[PDB]
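Participant: This is the structure I want to talk about, given as structure tokens.
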Amino acid sequence: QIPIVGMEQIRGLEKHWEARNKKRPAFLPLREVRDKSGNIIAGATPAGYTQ
Amino acid sequence: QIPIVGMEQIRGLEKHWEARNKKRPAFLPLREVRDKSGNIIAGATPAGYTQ
Amino acid sequence: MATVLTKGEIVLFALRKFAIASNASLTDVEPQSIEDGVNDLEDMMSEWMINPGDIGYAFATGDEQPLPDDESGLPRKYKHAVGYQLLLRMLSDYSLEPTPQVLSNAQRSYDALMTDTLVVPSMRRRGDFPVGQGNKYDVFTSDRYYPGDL
Amino acid sequence: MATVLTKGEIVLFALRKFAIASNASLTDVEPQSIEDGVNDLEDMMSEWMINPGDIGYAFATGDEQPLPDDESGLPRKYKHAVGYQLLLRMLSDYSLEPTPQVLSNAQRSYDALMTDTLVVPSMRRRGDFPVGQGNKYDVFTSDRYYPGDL
Amino acid sequence: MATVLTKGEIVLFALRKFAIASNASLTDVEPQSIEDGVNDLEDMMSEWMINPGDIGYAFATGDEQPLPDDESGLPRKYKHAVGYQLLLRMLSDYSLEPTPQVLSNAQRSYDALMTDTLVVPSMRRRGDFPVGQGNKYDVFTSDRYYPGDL
Amino acid sequence: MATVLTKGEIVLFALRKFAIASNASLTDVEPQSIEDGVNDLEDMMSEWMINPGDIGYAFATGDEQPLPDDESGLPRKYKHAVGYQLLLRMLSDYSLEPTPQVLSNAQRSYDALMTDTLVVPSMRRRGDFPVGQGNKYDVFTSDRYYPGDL
């Protein structure tokens with residue numbers, strides 16, 4: 001399984017998600033989904049996973 | 001499993017989440033999710049967990 | 001490298017982006033009430049020493065007084081974020097309300113500032129957690145069981 | 001640290017942030033309003049000794065009345081939070097209502113203030129909980145079973 | 001075409017796309033607006049050095065001002081995205097709000113820019129993970145167990 | 001198709017499809033708008049080399065001009081799609097908003113364009129995946145296990 005995210009939702013935070021199995025992070029950061037006006041439509045969780 | 005949070009939902013409170021397994025805290029603090037105009041749209045719980 | 005960002009220039013940026021004092025549609029230049037803006041900037045930096053954390057701002061030494069010609073000490077990568085946040089705390093002086101686009105711009109710049117400060121503290125071992133025999137604690141290292149402190 | 005805060009400066013910041021007395025508008029101050037504001041600040045500070053807790057405010061000696069030139073004793077990192085919380089209480093004197101941006105600024109500053117005060121008390125062992133034989137309770141330490149009293 | 005894209009051309013594009021000044025206009029605003037636009041572009045690029053990453057912008061060297069005739073160094077594939085973002089940031093100077101179609105165009109151009117700089121870091125093996133006997137760690141390669149570092 | 005499609009014809013199509021210029025108007029074609037439209041077409045085509053991909057546009061060689069009389073090198077099957085996408089970008093110059101039917105036409109044409117470009121890459125075997133004994137890897141072919149590379 002691989003998580004699925006939007007490009008703008010993770011830009012600048014790839015190095016934390018790349019090493020989540022070696023280092024022992026207290027948490028993982030992510031942004032929310034925003035539309036063209038700047039309103040929040042979805043949460044900070046990944047959209048889904050592959051099967 | 002690792003919790004997932006937004007950057008500004010935990011800023012200033014990292015040291016309490018870092019040592020949650022050594023010390024014995026009575027609770028853990030967190031903030032709510034606020035939109036661009038200051039309204040609350042989500043609770044203080046983490047958005048989700050990894051699989 | 002590049003030119004230094006002084007105070008007052010941040011205040012002038014804040015006043016210029018809501019049509020209060022500029023050369024775009026203004027022949028009524030700003031008063032000498034820049035002191036209020038500079039003091040607001042100083043206090044808001046003092047507050048920022050807590051939540052966003054330190055970012056390199058240079059405070060006034062001794063009693064003195066800020067003045068708009070002093071160097072701020074901030075990198076040029078932060079001026080949009082600082083200016084928008086300052087503007088949000090200055091509109092009620094003139095009895096004005098922000099528009100949605102200004103709020104969106106302020107949020108984007110603040111997010112860019114937040115991205116350049118993350119730490120993710122990377123929690124440790126337990127302290128009485130054993131270290132296995134594969135690490136050969138007799139000869140190579142010492143102190144079987146992790147230190148978990150330091 | 002720059003200059004000390006002084007109570008009058010805190011009151012004037014609140015009066016200026018909502019365009020009641022400043023040079024960026026059509027306004028001048030009245031001494032009676034200043035006395036009322038200083039008394040309100042004193043009473044609200046005395047109340048804050050309960051919910052937010054003590055923050056270092058310097059009360060007046062118990063025979064005379066507060067003065068606008070007295071040093072407040074607060075760090076400069078708290079001026080915005082205190083001023084916004086005071087403006088919210090003082091607004092209804094002049095029959096005014098706060099706009100949403102003012103409320104957002106007040107909540108931001110209050111959150112910054114309360115971030116700098118958490119304790120998270122942390123629980124201790126019960127007192128009839130045994131301490132294991134691995135701690136060597138007879139030779140190294142004494143008193144098998146945790147004290148958990150203080 | 002394929003010619004160099006100067007810093008003044010980008011701000012002229014942004015001014016034209018919202019009918020503020022053009023070669024069809026009868027006003028052309030003022031050089032002061034051009035200086036403001038160029039400085040806004042410089043600060044935008046400085047900020048963009050964080051979130052979208054570097055895209056090859058050429059900053060001013062030394063202490064001198066950017067000037068509108070300087071070569072930007074950007075490929076021509078990016079000018080639409082850069083111009084739309086700059087227009088969004090400097091609309092509030094003239095007290096205007098964007099229409100939905102402008103926002104849609106800005107988002108599409110930004111997405112095209114984002115697609116061209118993706119990485120997908122592709123995490124490695126760990127370092128205590130064995131490598132099997134099937135690939136003959138004794139003779140062909142060396143160091144059974146992955147390095148997982150470098 | 002038979003007749004070559006020049007760069008000026010695409011711009012004229014976009015101007016006609018929303019009144020503005022047309023061939024029936026009693027007003028001019030304002031030759032500056034033509035240069036603006038041709039430059040917009042050139043920049044939008046240079047951007048399209050990322051998301052939709054190359055479609056065969058003939059960029060200006062050297063560094064002179066796009067020069068609206070030049071051939072575009074596009075098949076006639078893409079005229080409507082390119083024209084609608086260009087009209088959407090250049091509408092805001094004249095401060096106009098698109099109607100729903102125009103948006104529907106643009107979307108249909110874009111979908112037709114993108115249908116003619118899919119690849120659906122299709123996955124290949126891993127490289128450590130065995131090939132069965134039924135393939136007779138001894139005599140007929142060689143290299144049991146798939147190559148999975150090339």
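Residues in the structure tokens are numbered from 1 in each chain, the chains being A, B, ... in the order shown, and ligands are numbered from 1 in the order shown.
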Least-squares align chain C to chain E using all Cα atoms paired by position, then dump the moved coordinates as a short mmCIF file (atom, residue, chain, number, x, y, z; two decimals) with N, CA and C atoms, in the first residue's frame.

Facilitator:
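For reference, part04.cif as written:
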data_model
loop_
_atom_site.label_atom_id
_atom_site.label_comp_id
_atom_site.auth_asym_id
_atom_site.auth_seq_id
_atom_site.Cartn_x
_atom_site.Cartn_y
_atom_site.Cartn_z
N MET C 1 17.28 29.15 -26.43
CA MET C 1 17.00 29.88 -27.66
C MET C 1 15.79 30.77 -27.35
N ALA C 2 15.41 31.63 -28.30
CA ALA C 2 14.36 32.64 -28.14
C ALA C 2 14.82 33.77 -27.24
N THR C 3 14.02 34.82 -27.16
CA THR C 3 14.39 36.05 -26.48
C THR C 3 14.38 35.86 -24.97
N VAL C 4 15.18 36.67 -24.27
CA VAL C 4 15.30 36.56 -22.83
C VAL C 4 14.15 37.30 -22.16
N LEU C 5 13.73 36.79 -21.01
CA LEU C 5 12.64 37.39 -20.26
C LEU C 5 13.21 38.28 -19.16
N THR C 6 13.08 39.59 -19.33
CA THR C 6 13.59 40.52 -18.35
C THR C 6 12.54 40.79 -17.28
N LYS C 7 12.99 41.35 -16.16
CA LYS C 7 12.05 41.87 -15.19
C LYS C 7 11.30 43.04 -15.82
N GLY C 8 10.33 43.57 -15.10
CA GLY C 8 9.57 44.64 -15.73
C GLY C 8 8.63 44.16 -16.80
N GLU C 9 9.11 43.32 -17.72
CA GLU C 9 8.20 42.67 -18.65
C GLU C 9 7.22 41.76 -17.91
N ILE C 10 7.67 41.08 -16.87
CA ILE C 10 6.75 40.34 -16.02
C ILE C 10 5.81 41.29 -15.29
N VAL C 11 6.34 42.39 -14.77
CA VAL C 11 5.49 43.37 -14.11
C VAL C 11 4.49 43.98 -15.08
N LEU C 12 4.94 44.31 -16.29
CA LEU C 12 4.03 44.84 -17.30
C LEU C 12 2.96 43.83 -17.68
N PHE C 13 3.33 42.55 -17.77
CA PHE C 13 2.34 41.51 -18.00
C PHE C 13 1.31 41.47 -16.89
N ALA C 14 1.76 41.59 -15.64
CA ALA C 14 0.83 41.56 -14.51
C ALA C 14 -0.12 42.74 -14.56
N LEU C 15 0.39 43.93 -14.90
CA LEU C 15 -0.48 45.10 -14.92
C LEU C 15 -1.42 45.09 -16.12
N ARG C 16 -1.10 44.32 -17.15
CA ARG C 16 -1.85 44.38 -18.41
C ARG C 16 -3.08 43.48 -18.36
N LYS C 17 -3.08 42.55 -17.42
CA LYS C 17 -4.12 41.53 -17.43
C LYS C 17 -5.14 41.78 -16.34
N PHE C 18 -5.18 42.99 -15.82
CA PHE C 18 -6.32 43.40 -15.01
C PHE C 18 -6.74 44.82 -15.36
N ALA C 19 -6.35 45.32 -16.53
CA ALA C 19 -6.78 46.61 -17.05
C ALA C 19 -6.37 47.76 -16.12
N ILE C 20 -5.08 47.80 -15.81
CA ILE C 20 -4.54 48.89 -15.01
C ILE C 20 -3.67 49.77 -15.90
N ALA C 21 -2.91 49.15 -16.80
CA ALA C 21 -2.04 49.90 -17.69
C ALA C 21 -1.80 49.07 -18.94
N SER C 22 -2.34 49.52 -20.07
CA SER C 22 -2.25 48.79 -21.32
C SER C 22 -2.61 49.70 -22.48
N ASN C 23 -2.75 49.13 -23.67
CA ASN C 23 -3.24 49.89 -24.82
C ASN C 23 -4.59 49.39 -25.31
N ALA C 24 -5.29 48.59 -24.50
CA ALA C 24 -6.58 48.03 -24.87
C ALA C 24 -7.73 48.98 -24.59
N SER C 25 -7.77 49.62 -23.43
CA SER C 25 -8.75 50.67 -23.20
C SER C 25 -8.15 51.80 -22.36
N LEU C 26 -6.85 52.03 -22.51
CA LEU C 26 -6.13 52.96 -21.65
C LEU C 26 -5.43 54.03 -22.48
N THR C 27 -5.75 55.28 -22.19
CA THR C 27 -4.96 56.42 -22.62
C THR C 27 -4.24 57.08 -21.45
N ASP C 28 -4.25 56.45 -20.27
CA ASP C 28 -3.65 56.99 -19.05
C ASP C 28 -2.52 56.04 -18.64
N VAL C 29 -1.36 56.22 -19.27
CA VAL C 29 -0.23 55.29 -19.16
C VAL C 29 0.21 55.13 -17.71
N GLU C 30 0.92 54.04 -17.42
CA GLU C 30 1.30 53.72 -16.05
C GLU C 30 2.26 54.75 -15.48
N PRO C 31 2.19 55.05 -14.19
CA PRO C 31 3.18 55.93 -13.57
C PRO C 31 4.52 55.23 -13.44
N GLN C 32 5.45 55.91 -12.78
CA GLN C 32 6.77 55.33 -12.56
C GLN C 32 6.78 54.53 -11.26
N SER C 33 5.62 54.02 -10.86
CA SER C 33 5.52 53.17 -9.67
C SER C 33 5.79 51.71 -10.02
N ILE C 34 6.55 51.48 -11.09
CA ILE C 34 7.00 50.14 -11.42
C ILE C 34 7.98 49.61 -10.38
N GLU C 35 8.65 50.51 -9.64
CA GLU C 35 9.62 50.07 -8.64
C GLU C 35 8.96 49.22 -7.57
N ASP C 36 7.74 49.57 -7.17
CA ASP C 36 7.02 48.77 -6.19
C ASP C 36 6.77 47.36 -6.72
N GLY C 37 6.35 47.25 -7.98
CA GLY C 37 6.14 45.93 -8.55
C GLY C 37 7.41 45.11 -8.63
N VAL C 38 8.52 45.74 -9.03
CA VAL C 38 9.77 45.00 -9.17
C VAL C 38 10.26 44.53 -7.81
N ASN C 39 10.15 45.38 -6.79
CA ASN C 39 10.55 44.97 -5.45
C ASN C 39 9.66 43.85 -4.93
N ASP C 40 8.36 43.91 -5.22
CA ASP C 40 7.47 42.82 -4.85
C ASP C 40 7.89 41.52 -5.52
N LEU C 41 8.26 41.59 -6.80
CA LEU C 41 8.72 40.40 -7.50
C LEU C 41 9.97 39.83 -6.84
N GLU C 42 10.91 40.70 -6.48
CA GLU C 42 12.14 40.24 -5.84
C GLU C 42 11.85 39.53 -4.52
N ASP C 43 11.03 40.15 -3.67
CA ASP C 43 10.73 39.56 -2.37
C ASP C 43 9.95 38.26 -2.52
N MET C 44 9.04 38.20 -3.49
CA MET C 44 8.25 36.99 -3.65
C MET C 44 9.10 35.84 -4.18
N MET C 45 10.09 36.14 -5.03
CA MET C 45 11.06 35.11 -5.39
C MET C 45 11.86 34.64 -4.19
N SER C 46 12.31 35.58 -3.35
CA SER C 46 13.04 35.21 -2.15
C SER C 46 12.23 34.26 -1.29
N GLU C 47 10.93 34.54 -1.15
CA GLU C 47 10.06 33.63 -0.42
C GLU C 47 9.93 32.29 -1.13
N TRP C 48 9.82 32.30 -2.45
CA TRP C 48 9.67 31.06 -3.21
C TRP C 48 10.89 30.17 -3.09
N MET C 49 12.01 30.70 -2.63
CA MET C 49 13.16 29.83 -2.38
C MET C 49 12.88 28.77 -1.32
N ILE C 50 11.69 28.76 -0.74
CA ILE C 50 11.37 27.79 0.31
C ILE C 50 10.34 26.77 -0.17
N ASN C 51 9.11 27.23 -0.45
CA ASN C 51 8.06 26.24 -0.67
C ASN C 51 8.13 25.65 -2.08
N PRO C 52 7.94 26.42 -3.16
CA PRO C 52 8.03 25.79 -4.48
C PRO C 52 9.44 25.36 -4.82
N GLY C 53 10.44 25.92 -4.15
CA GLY C 53 11.82 25.61 -4.43
C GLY C 53 12.41 26.56 -5.45
N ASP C 54 13.72 26.41 -5.64
CA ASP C 54 14.43 27.23 -6.61
C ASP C 54 13.99 26.90 -8.03
N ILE C 55 13.87 27.93 -8.86
CA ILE C 55 13.51 27.76 -10.26
C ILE C 55 14.45 28.49 -11.21
N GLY C 56 15.55 29.05 -10.72
CA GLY C 56 16.52 29.70 -11.57
C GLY C 56 16.49 31.21 -11.59
N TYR C 57 15.76 31.84 -10.68
CA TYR C 57 15.71 33.29 -10.64
C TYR C 57 17.08 33.87 -10.32
N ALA C 58 17.38 35.02 -10.91
CA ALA C 58 18.66 35.69 -10.75
C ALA C 58 18.48 36.90 -9.85
N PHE C 59 19.08 36.86 -8.67
CA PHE C 59 18.94 37.92 -7.70
C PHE C 59 19.96 39.02 -7.94
N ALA C 60 19.71 40.18 -7.34
CA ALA C 60 20.64 41.29 -7.44
C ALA C 60 21.91 40.99 -6.65
N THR C 61 23.04 41.37 -7.23
CA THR C 61 24.35 41.10 -6.64
C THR C 61 24.82 42.31 -5.85
N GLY C 62 25.36 42.07 -4.66
CA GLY C 62 25.76 43.20 -3.86
C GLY C 62 24.54 43.94 -3.35
N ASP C 63 24.76 45.16 -2.86
CA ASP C 63 23.62 45.96 -2.43
C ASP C 63 22.73 46.29 -3.62
N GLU C 64 23.22 47.16 -4.50
CA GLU C 64 22.54 47.56 -5.74
C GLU C 64 21.04 47.76 -5.56
N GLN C 65 20.28 47.39 -6.58
CA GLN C 65 18.85 47.60 -6.64
C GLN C 65 18.36 46.92 -7.91
N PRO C 66 17.19 46.28 -7.89
CA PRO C 66 16.77 45.45 -9.03
C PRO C 66 16.80 46.10 -10.41
N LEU C 67 16.00 47.15 -10.62
CA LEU C 67 15.77 47.77 -11.93
C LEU C 67 15.00 46.86 -12.87
N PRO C 68 14.10 47.42 -13.68
CA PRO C 68 13.29 46.60 -14.58
C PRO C 68 14.00 46.12 -15.83
N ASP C 69 15.21 46.57 -16.11
CA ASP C 69 15.90 46.15 -17.32
C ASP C 69 16.82 44.97 -17.11
N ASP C 70 16.88 44.42 -15.91
CA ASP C 70 17.75 43.29 -15.63
C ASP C 70 17.11 42.00 -16.11
N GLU C 71 17.95 41.07 -16.55
CA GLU C 71 17.46 39.77 -16.97
C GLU C 71 17.02 38.96 -15.77
N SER C 72 15.84 38.35 -15.87
CA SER C 72 15.32 37.57 -14.75
C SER C 72 16.00 36.22 -14.62
N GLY C 73 16.41 35.62 -15.74
CA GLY C 73 16.98 34.29 -15.70
C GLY C 73 15.97 33.17 -15.69
N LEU C 74 14.69 33.46 -15.86
CA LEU C 74 13.66 32.44 -15.86
C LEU C 74 13.40 31.94 -17.27
N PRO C 75 13.08 30.66 -17.44
CA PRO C 75 12.64 30.18 -18.74
C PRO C 75 11.27 30.75 -19.09
N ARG C 76 11.01 30.84 -20.39
CA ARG C 76 9.73 31.38 -20.84
C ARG C 76 8.55 30.48 -20.49
N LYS C 77 8.80 29.25 -20.06
CA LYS C 77 7.72 28.35 -19.68
C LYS C 77 7.08 28.72 -18.34
N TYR C 78 7.68 29.63 -17.58
CA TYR C 78 7.21 29.96 -16.24
C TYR C 78 6.57 31.33 -16.13
N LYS C 79 6.51 32.09 -17.22
CA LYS C 79 6.14 33.49 -17.08
C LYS C 79 4.67 33.66 -16.73
N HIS C 80 3.79 32.81 -17.26
CA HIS C 80 2.38 32.92 -16.90
C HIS C 80 2.17 32.64 -15.42
N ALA C 81 2.79 31.58 -14.90
CA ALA C 81 2.63 31.24 -13.49
C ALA C 81 3.17 32.35 -12.60
N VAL C 82 4.38 32.83 -12.90
CA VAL C 82 4.98 33.88 -12.08
C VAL C 82 4.14 35.15 -12.16
N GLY C 83 3.67 35.50 -13.35
CA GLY C 83 2.91 36.72 -13.50
C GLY C 83 1.58 36.68 -12.78
N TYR C 84 0.87 35.56 -12.85
CA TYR C 84 -0.39 35.46 -12.13
C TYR C 84 -0.18 35.51 -10.63
N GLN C 85 0.84 34.81 -10.13
CA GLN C 85 1.09 34.85 -8.69
C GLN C 85 1.48 36.26 -8.25
N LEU C 86 2.25 36.97 -9.06
CA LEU C 86 2.57 38.36 -8.74
C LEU C 86 1.33 39.23 -8.74
N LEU C 87 0.45 39.03 -9.72
CA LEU C 87 -0.77 39.83 -9.81
C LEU C 87 -1.63 39.64 -8.57
N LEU C 88 -1.68 38.42 -8.03
CA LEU C 88 -2.52 38.18 -6.86
C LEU C 88 -2.03 38.96 -5.65
N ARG C 89 -0.77 39.37 -5.63
CA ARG C 89 -0.21 40.10 -4.49
C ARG C 89 -0.11 41.59 -4.76
N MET C 90 -0.80 42.06 -5.79
CA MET C 90 -0.66 43.46 -6.16
C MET C 90 -1.99 44.17 -6.25
N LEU C 91 -3.09 43.41 -6.27
CA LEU C 91 -4.39 44.02 -6.45
C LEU C 91 -4.81 44.89 -5.28
N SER C 92 -4.46 44.51 -4.05
CA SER C 92 -4.88 45.29 -2.90
C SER C 92 -4.21 46.65 -2.83
N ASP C 93 -3.13 46.87 -3.58
CA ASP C 93 -2.55 48.20 -3.70
C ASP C 93 -3.56 49.17 -4.30
N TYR C 94 -4.30 48.72 -5.29
CA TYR C 94 -5.27 49.54 -6.00
C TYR C 94 -6.69 49.31 -5.50
N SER C 95 -6.84 48.58 -4.40
CA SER C 95 -8.14 48.30 -3.81
C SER C 95 -9.06 47.60 -4.81
N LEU C 96 -8.59 46.47 -5.31
CA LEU C 96 -9.33 45.67 -6.27
C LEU C 96 -9.39 44.23 -5.78
N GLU C 97 -10.42 43.51 -6.23
CA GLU C 97 -10.59 42.13 -5.86
C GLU C 97 -10.63 41.25 -7.10
N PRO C 98 -9.99 40.09 -7.07
CA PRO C 98 -9.94 39.24 -8.25
C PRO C 98 -11.28 38.60 -8.54
N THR C 99 -11.47 38.27 -9.79
CA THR C 99 -12.66 37.60 -10.27
C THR C 99 -12.40 36.11 -10.43
N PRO C 100 -13.45 35.29 -10.42
CA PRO C 100 -13.23 33.83 -10.40
C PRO C 100 -12.40 33.30 -11.56
N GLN C 101 -12.54 33.88 -12.76
CA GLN C 101 -11.78 33.37 -13.89
C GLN C 101 -10.29 33.61 -13.72
N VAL C 102 -9.91 34.77 -13.17
CA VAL C 102 -8.50 35.03 -12.91
C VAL C 102 -7.95 34.04 -11.91
N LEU C 103 -8.73 33.73 -10.87
CA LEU C 103 -8.29 32.74 -9.89
C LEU C 103 -8.10 31.37 -10.54
N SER C 104 -9.02 30.98 -11.43
CA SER C 104 -8.89 29.69 -12.09
C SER C 104 -7.64 29.64 -12.96
N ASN C 105 -7.39 30.71 -13.72
CA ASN C 105 -6.19 30.75 -14.55
C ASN C 105 -4.93 30.68 -13.71
N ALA C 106 -4.90 31.41 -12.60
CA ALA C 106 -3.73 31.39 -11.74
C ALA C 106 -3.49 29.99 -11.18
N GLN C 107 -4.56 29.32 -10.77
CA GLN C 107 -4.40 27.97 -10.23
C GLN C 107 -3.90 27.00 -11.29
N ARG C 108 -4.41 27.10 -12.52
CA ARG C 108 -3.94 26.20 -13.58
C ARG C 108 -2.46 26.42 -13.88
N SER C 109 -2.04 27.67 -13.99
CA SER C 109 -0.63 27.95 -14.28
C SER C 109 0.27 27.48 -13.14
N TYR C 110 -0.15 27.71 -11.90
CA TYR C 110 0.63 27.26 -10.76
C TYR C 110 0.74 25.74 -10.73
N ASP C 111 -0.34 25.04 -11.08
CA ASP C 111 -0.28 23.59 -11.14
C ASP C 111 0.71 23.13 -12.20
N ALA C 112 0.73 23.80 -13.35
CA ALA C 112 1.72 23.46 -14.37
C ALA C 112 3.14 23.65 -13.86
N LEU C 113 3.37 24.73 -13.11
CA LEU C 113 4.69 24.93 -12.50
C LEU C 113 5.02 23.82 -11.51
N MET C 114 4.05 23.43 -10.68
CA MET C 114 4.28 22.40 -9.68
C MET C 114 4.59 21.05 -10.32
N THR C 115 3.97 20.76 -11.47
CA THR C 115 4.19 19.48 -12.12
C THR C 115 5.62 19.32 -12.61
N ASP C 116 6.29 20.42 -12.95
CA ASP C 116 7.63 20.39 -13.52
C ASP C 116 8.72 20.42 -12.46
N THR C 117 8.41 20.06 -11.22
CA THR C 117 9.39 20.12 -10.15
C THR C 117 9.36 18.88 -9.25
N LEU C 118 8.36 18.01 -9.38
CA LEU C 118 8.21 16.85 -8.51
C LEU C 118 9.49 16.02 -8.45
N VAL C 119 9.70 15.36 -7.30
CA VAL C 119 10.85 14.49 -7.09
C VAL C 119 10.44 13.08 -6.67
N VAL C 120 9.49 12.96 -5.75
CA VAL C 120 9.04 11.66 -5.23
C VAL C 120 10.23 10.86 -4.69
N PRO C 121 10.68 11.15 -3.47
CA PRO C 121 12.03 10.76 -3.03
C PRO C 121 12.39 9.28 -2.99
N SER C 122 11.45 8.35 -3.14
CA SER C 122 11.80 6.94 -3.39
C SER C 122 12.65 6.34 -2.26
N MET C 123 11.98 6.13 -1.12
CA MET C 123 12.55 5.61 0.12
C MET C 123 13.41 4.35 -0.03
N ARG C 124 14.41 4.20 0.84
CA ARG C 124 15.53 3.26 0.74
C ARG C 124 15.25 1.94 1.47
N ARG C 125 16.31 1.14 1.62
CA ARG C 125 16.27 -0.04 2.47
C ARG C 125 16.55 0.33 3.92
N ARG C 126 16.39 -0.66 4.80
CA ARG C 126 16.38 -0.40 6.24
C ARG C 126 17.76 -0.07 6.78
N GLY C 127 18.78 -0.81 6.38
CA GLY C 127 20.10 -0.61 6.94
C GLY C 127 20.66 -1.81 7.66
N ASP C 128 19.82 -2.52 8.42
CA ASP C 128 20.16 -3.83 8.95
C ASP C 128 19.33 -4.92 8.30
N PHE C 129 18.72 -4.62 7.17
CA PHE C 129 17.95 -5.60 6.41
C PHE C 129 18.90 -6.55 5.70
N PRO C 130 18.77 -7.86 5.90
CA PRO C 130 19.68 -8.80 5.24
C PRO C 130 19.51 -8.79 3.74
N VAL C 131 20.58 -9.13 3.04
CA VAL C 131 20.53 -9.44 1.62
C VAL C 131 20.73 -10.94 1.49
N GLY C 132 19.95 -11.57 0.64
CA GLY C 132 19.88 -13.02 0.65
C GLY C 132 21.12 -13.69 0.09
N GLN C 133 21.14 -15.02 0.19
CA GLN C 133 22.22 -15.80 -0.39
C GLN C 133 22.18 -15.82 -1.90
N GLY C 134 21.05 -15.47 -2.51
CA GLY C 134 20.98 -15.44 -3.95
C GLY C 134 21.85 -14.37 -4.57
N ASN C 135 22.23 -13.36 -3.80
CA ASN C 135 23.10 -12.30 -4.28
C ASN C 135 24.58 -12.64 -4.17
N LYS C 136 24.93 -13.76 -3.54
CA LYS C 136 26.30 -14.24 -3.46
C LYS C 136 27.24 -13.18 -2.89
N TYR C 137 26.98 -12.83 -1.64
CA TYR C 137 27.72 -11.74 -1.01
C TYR C 137 29.16 -12.09 -0.71
N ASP C 138 29.54 -13.36 -0.84
CA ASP C 138 30.93 -13.71 -0.59
C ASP C 138 31.86 -13.14 -1.65
N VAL C 139 31.55 -13.35 -2.93
CA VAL C 139 32.51 -13.22 -4.01
C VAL C 139 32.13 -12.10 -4.98
N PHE C 140 30.87 -12.06 -5.43
CA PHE C 140 30.47 -11.03 -6.39
C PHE C 140 30.47 -9.66 -5.74
N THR C 141 29.64 -9.47 -4.73
CA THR C 141 29.62 -8.23 -3.99
C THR C 141 30.33 -8.44 -2.66
N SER C 142 30.27 -7.43 -1.81
CA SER C 142 30.73 -7.53 -0.44
C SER C 142 29.64 -6.97 0.45
N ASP C 143 29.82 -7.10 1.75
CA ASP C 143 28.93 -6.49 2.73
C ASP C 143 27.49 -6.96 2.52
N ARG C 144 27.28 -8.23 2.85
CA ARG C 144 25.97 -8.70 3.28
C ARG C 144 25.35 -7.70 4.24
N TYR C 145 24.02 -7.57 4.21
CA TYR C 145 23.27 -6.48 4.81
C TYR C 145 23.43 -5.21 3.99
N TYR C 146 22.33 -4.49 3.77
CA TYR C 146 22.36 -3.30 2.93
C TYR C 146 23.08 -2.16 3.64
N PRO C 147 23.74 -1.28 2.88
CA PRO C 147 24.36 -0.11 3.51
C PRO C 147 23.35 0.88 4.03
N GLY C 148 22.34 1.21 3.23
CA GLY C 148 21.22 2.01 3.69
C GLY C 148 21.60 3.37 4.24
N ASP C 149 22.60 4.01 3.64
CA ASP C 149 23.11 5.26 4.18
C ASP C 149 23.71 6.12 3.09
N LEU C 150 25.04 6.10 2.97
CA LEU C 150 25.77 6.82 1.94
C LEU C 150 25.45 8.32 1.94
#

Participant: What are the residues of chain A lining chain C at 8 Å or less? Count only C-alpha atoms, and put the answer as a ChimeraX atom specification.

Facilitator: /A:12-13,23-28,37-38

Participant: What is the CA of residue 31 (chain B) to CA of residue 36 (chain A) distance in Å?

Facilitator: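 Distance reported for this atom pair: 25.6 Å.
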
Participant: Please, which residues of chain A, numbered as in this document, come out strand (DSSP E or B) from DSSP, as a ChimeraX atom specification?

Facilitator: /A:3-4,28-29,33-34,40-42,48-49

Participant: Using Å and a single decimal, report how far CA of residue 8 (chain A) sits from CA of residue 21 (chain A).

Facilitator: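 Those two atoms sit 23.2 Å apart.
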
Participant: Please identify all polymer residues within 12 Å of residue 4 (chain B), counting only C-alpha atoms, omitting same-chain residues fewer than 3 positions from it, and present them as a ChimeraX atom specification.

Facilitator: /A:16-17,20,25-32,43-46 /B:1,7,9-10,45-51 /C:120

Participant: List every residue of region 61-143 of chain F that DSSP, applied to the backbone of this structure, places in alpha helix (DSSP H), and write the result as a ChimeraX atom specification.

Facilitator: /F:79-90,100-115

Participant: Tell me, in Å to one decimal, how far CA of residue 6 (chain A) is from CA of residue 33 (chain A).

Facilitator: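 Interatomic distance, CA of residue 6 (chain A) to CA of residue 33 (chain A): 8.2 Å.
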